[PDB]
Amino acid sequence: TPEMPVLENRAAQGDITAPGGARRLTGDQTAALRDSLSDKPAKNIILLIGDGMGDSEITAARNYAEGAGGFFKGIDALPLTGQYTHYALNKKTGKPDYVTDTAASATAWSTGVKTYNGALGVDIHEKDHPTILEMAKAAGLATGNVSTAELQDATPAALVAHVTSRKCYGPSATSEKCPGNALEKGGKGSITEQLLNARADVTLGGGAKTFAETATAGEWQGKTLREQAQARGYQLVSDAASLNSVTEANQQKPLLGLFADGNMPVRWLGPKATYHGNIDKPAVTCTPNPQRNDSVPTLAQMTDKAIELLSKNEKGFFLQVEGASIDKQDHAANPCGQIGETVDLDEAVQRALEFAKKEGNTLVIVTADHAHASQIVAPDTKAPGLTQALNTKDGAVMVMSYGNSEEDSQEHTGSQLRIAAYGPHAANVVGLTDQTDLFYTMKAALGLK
């Protein structure tokens, strides 16, 4: 039952051109904040990650989708907020590496240890460290791992795989890139093979392609990783209808959803940003991607389904949800694809907050693994990188810039970024914290050994 308030509205209250019209607040917040502070146990935890969703990304998406004075009913609704650092480590010196990749940062909040770019579930000495999901399982809690990316991708993989390189998707890549993790060499196996061992109750995302590979050793040698999953009691789903049909998910009948060969389709389509794209060409208006359709579950749908199936566990559950393509489209200098995935994440957050407020003992956290490239710049900007003009909900033009790479892919940035929470122990994301603190916050909130 509700007691801890979720922000109902932080949109501009009135006429932004008039006095007080742009205010997002309507009164003193001292009482609301006191009502948002509780150190009682968190029975469940829902961690939503917007890959590469730094403050710049959130703002850009709000400006376009909700207007500058708009409000994300999900993402902007968490009452307790802070900024956290996500630097990685140089593998050889052990010193800080100011700009992390996704594997090292995900490893940080999932295990509580800093590591080098490319590492998954291991530290700079390549020592494995239990993940919050594995720990949740060990304590008897149900577990969920959701993502719009291929499941072998760094973010969701970090919770169930321990490999020296995030490139080790299946047996093939592992034998070549992670010889020490290769199953035929006595290791724990590829990311996909370990994911199958982790056996989370609910796992949803893309990445069906790798399951086509066959094991090089072990009990299921010669069989495809898909056959192995089937043989190990997994219930495989491939689309919205089949997913909807699922009535239960547990260790006896673990759910594995493979909704795309690789990454799942993005929500919006738009051209890539170009050189002086905001000076020469006209303004862009994003448009829905036909490849999305109803046969493909949305992030909000996968979130709702996971909560349903996971909440059946009376002891509690841990669930991670990732809006993976915000980062990917940021890399491809594509504003529409980028913003569309942020809107996507916001819906997933709303579903989490909606459940969390009713349940009353659920901690919800929303943040990103690292900052990214996109910047909001003046309309008449003449930049050296890639830019694009966009027609926002405000009926005005917003220009986005990607200027940190001459190479084909735009890159991550080291700036600290927003982390927000709601529920029991949400106080621990306020002020300045580190990405590794999040692991300890989740561990403590659930009261894990």
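Residue positions are given as counts along the sequence shown, with the first one as 1.
Comparing 89-97 with 255-263, the higher mean C-alpha B-factor in the PDB entry belongs to 255-263.
Here 292-300 and 99-107 are compared by their mean Cα B-factor, and 292-300 comes out higher. When the C-alpha B-factors of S401, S409, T413, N63 are ranked from the entry, the top spot goes to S409. When the Cα B-factors of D369, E176, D327, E126 are read from the PDB record, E176 comes out highest. In this PDB entry, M442 carries a Cα temperature factor that places it within the lowest third of its chain's modelled residues. Sort the chain's modelled residues by C-alpha temperature factor and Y84 lands in the lowest third, per the entry. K73 sits in the middle third of its chain by CA B factor, as recorded in the PDB entry. In the PDB entry, a CA B factor belonging to the middle third of its chain's modelled residues is recorded for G270.
When the modelled residues of the chain are ordered by C-alpha B-factor, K382 sits in the highest third.
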